[PDB]
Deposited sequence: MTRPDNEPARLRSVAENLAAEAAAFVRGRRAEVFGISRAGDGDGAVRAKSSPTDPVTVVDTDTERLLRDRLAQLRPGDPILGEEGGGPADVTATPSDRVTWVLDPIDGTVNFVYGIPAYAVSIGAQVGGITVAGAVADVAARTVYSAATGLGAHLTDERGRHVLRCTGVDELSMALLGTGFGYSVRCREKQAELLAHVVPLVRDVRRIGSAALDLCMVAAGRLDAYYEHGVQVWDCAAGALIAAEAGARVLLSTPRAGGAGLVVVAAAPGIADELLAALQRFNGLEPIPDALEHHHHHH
C-alpha cells in the first residue's frame, strides 16, 4: 500500500537483491568501485520504477522518497574488507519510516519500520534486534568513523582521544550503515560519527532506534546512536569536548 510494513518489505527485497548483484559484480570486476556503485544504483532505480512507480529517488548521485547507497564502505569494498553494505531508506517528509541495510559479505539483512521493531535476517531465519543494557560508559564499546572527506580529520581524532579513556574500547570498521546495525544488534554499545551523508545513516538510524537505541541526527550529519542506559553520559562527554554539534 504505502504503510511501513509494505515499505520495509520492498526495502528488504531490494537490499537483498542489490547485495547479491554487488557480490557478483565485484568478483567480475576484480573507478572499479565507481563502476559497481553505478551499476547497482541503476539496478535499484529500475527495480523501484517497477515496484514503486511514482516514487522519488534520492541517490548517492541525485508520497515516499527512497534514499539509497549501493555501496557504503567503498574503501572496504576496494580492499576486500567484508564490511560494506547496501542501504535503502523509505522517507516521508524527511522522516525515515522504513529501512533495510544489507551486509553484503555476511549475506544478512537488517531491517525496521516505525512501530514494528528491528529484525536481522540470515540463514537461520529472522531474529528480533535489541541493543545492549550497559549503564557505565566505561563499559561501553564505541564505534566511530571519519565523516566526509580528508578535510577536518585530525580534530575528530583529537576529540576521540579525549573520549577513549571514558569507554571500554573503540572500533573503527569503515561503514556507518553497518555501525548503526551493530548498535541495533548489540555488537556495539554506541556509535558516533561527525559528517555522515543522509543515504548512509537514514536506514540504519531507524533500525538502531527500533532496537531501543537512543539516536540523534544533528553537507553531512552528526550521528549519535547508543544503548539508552548510556546515551546521556556519552552525549555529555561529547559536548564537553565539542563533537555532538
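- Stretches of the deposited sequence lacking C-alpha coordinates, numbered from 1: 1 to 4, 35 to 53, 86 to 97, 254 to 259, 287 to 299.
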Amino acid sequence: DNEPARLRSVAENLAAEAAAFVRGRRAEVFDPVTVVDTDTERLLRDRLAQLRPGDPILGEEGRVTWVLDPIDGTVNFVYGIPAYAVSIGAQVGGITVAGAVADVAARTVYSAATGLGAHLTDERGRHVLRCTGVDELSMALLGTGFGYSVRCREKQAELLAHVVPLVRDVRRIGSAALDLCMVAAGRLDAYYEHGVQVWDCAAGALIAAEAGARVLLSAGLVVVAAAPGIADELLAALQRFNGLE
From here on, numbers count along this sequence of modelled residues.
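- Comparing 111 to 119 with 149 to 157, the higher mean C-alpha B-factor in the PDB entry belongs to 149 to 157.
- The stretch 53 to 61 shows the higher mean C-alpha B-factor when 184 to 192 is compared against 53 to 61 in the entry.
- Ranked by C-alpha B-factor against the other modelled residues of its chain, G204 falls in the lowest third.
- For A219, the recorded CA temperature factor ranks within the highest third of the chain's modelled residues.
- Sorting the modelled residues of the chain by their CA temperature factor places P82 in the lowest third.
- The deposited CA B-factor of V29 belongs to the highest third of values across its chain.
- In the deposited entry, the Cα temperature factor of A225 sits in the middle third of values across the chain's modelled residues.
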